[PDB]
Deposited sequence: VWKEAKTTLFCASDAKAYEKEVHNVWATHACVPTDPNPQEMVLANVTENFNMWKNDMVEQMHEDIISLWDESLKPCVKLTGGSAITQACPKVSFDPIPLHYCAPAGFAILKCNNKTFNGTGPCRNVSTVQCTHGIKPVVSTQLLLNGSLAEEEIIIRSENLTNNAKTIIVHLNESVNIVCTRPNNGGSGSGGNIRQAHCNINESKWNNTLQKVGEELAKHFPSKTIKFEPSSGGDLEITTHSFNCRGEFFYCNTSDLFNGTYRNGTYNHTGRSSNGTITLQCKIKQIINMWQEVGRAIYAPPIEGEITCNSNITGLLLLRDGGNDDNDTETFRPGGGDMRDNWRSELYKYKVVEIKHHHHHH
């Protein structure tokens, strides 16, 4: 363990806050990317015990609190007020790099579940570009598995450990508050969701070989975790997923029990101003939403699940360290 440094293609002239942060905190990425393969050198990784995840977590916390200043911040009996202007918000890729005297080993097994021994390992200076996308239930704008869908979890038998589902084909999702000012909706093409969830059921059945797979909405908790919550153009979208995680996989076939209309699922959402923070235990209070068409067209690249005759799976999340682990799993900082 050392202190790693970030590398970004951010531009000192753009007023978008990811660029503003990265110019002030990261070095320019090098087009000197020397990757060195070692086929008979073999190393052990644990994506769930990886200090790079905590370093990136600290970095993104700093980013958000220097870039999404809430009008009010309520923590531990104290309140903190500051200017809370609307900003230009669109995440950019970030690379994480070992300093001199250190390397980063990268597992080239296309089917690696993030834990155990990898036989094909390569050394690099920096990770690939990672967008610090804060979200729950669905992992957005990530990178896709190269072969089959991969299931990752610290302990599959423990029902309290988060399950990361790494997809191999993206599912487009278009969320929009169009031109009540806090009502918005997401559109998802239900046939891609159908095929995606059946193949996900296939892999989940491989880890549970009876065992009829069930997808049901989030049980309970804070609105941030019981909905697909994310930030788009600076606004905090909370999107109902009752019609999304709602189906059954049995006897090798998937049937979607959530309601859809002419072939698309639409999630109902509110843009909220009181936010249960993910950075720490507390609440953040922002101004009402901007004027105009607020839309993000994103790619679903992964899922965050929690497991309850059968096994039921519900969308999870809330600890965005899992969001970072979904991209940092191939890596291991070495001396």
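Colleague: Can you list the gaps, in order, where the deposited sequence has no modelled residues?
Modeller: According to the deposited record, C-alpha coordinates are absent for 1-5, 185-192, 322-327, 355-362, which together make up the missing parts.
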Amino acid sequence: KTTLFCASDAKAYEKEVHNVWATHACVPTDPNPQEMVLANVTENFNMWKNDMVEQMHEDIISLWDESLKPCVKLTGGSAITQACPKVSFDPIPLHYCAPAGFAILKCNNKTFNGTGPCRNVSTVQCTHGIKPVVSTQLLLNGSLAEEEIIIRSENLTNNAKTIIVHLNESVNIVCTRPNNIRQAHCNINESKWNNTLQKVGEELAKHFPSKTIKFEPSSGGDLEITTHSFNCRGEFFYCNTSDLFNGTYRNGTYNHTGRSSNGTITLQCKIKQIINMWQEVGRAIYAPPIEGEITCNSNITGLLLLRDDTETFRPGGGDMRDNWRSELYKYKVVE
From here on, numbers count along this sequence of modelled residues.
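Colleague: Should the higher mean CA B-factor in the entry be assigned to 46-54 or to 296-304?
Modeller: Between 296-304 and 46-54, it is 46-54 that shows the higher mean C-alpha B-factor.
Colleague: Averaging the C-alpha B factors as listed in the entry, name the stretch that ends up higher: 168-176 or 102-110.
Modeller: Per the PDB record, 102-110.
Colleague: Can you tell me which of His228, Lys192, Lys131, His207 has the highest Cα temperature factor in the record?
Modeller: Largest recorded C-alpha B-factor: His207.
Colleague: Checking the entry, which one of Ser88, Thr75, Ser242, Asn155 has the top C-alpha B factor?
Modeller: In the PDB entry, the greatest C-alpha B-factor among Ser88, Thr75, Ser242, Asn155 is found at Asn155.
Colleague: So where's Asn251 on the chain's Cα temperature factor ranking, which third?
Modeller: For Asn251, whose C-alpha B-factor we compare with every modelled residue in the chain, the answer is the highest third.
Colleague: Once the chain's modelled residues are ordered by C-alpha B factor and cut into thirds, is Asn120 in the lowest, middle or highest one?
Modeller: According to the entry, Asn120 has a C-alpha B-factor in the chain's highest third.
Colleague: Would you mind ranking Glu235 by its C-alpha B-factor against the rest of the chain and naming the third, lowest, middle or highest?
Modeller: Answer is lowest: the recorded C-alpha B-factor places it there.
Colleague: What third of the chain, by the recorded C-alpha B-factor, contains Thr264?
Modeller: Tercile = middle for this residue's CA B-factor.
Colleague: For the chain shown, is the CA B-factor of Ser67 in the lowest, middle or highest third of its modelled residues?
Modeller: Tercile = middle for this residue's CA B-factor.
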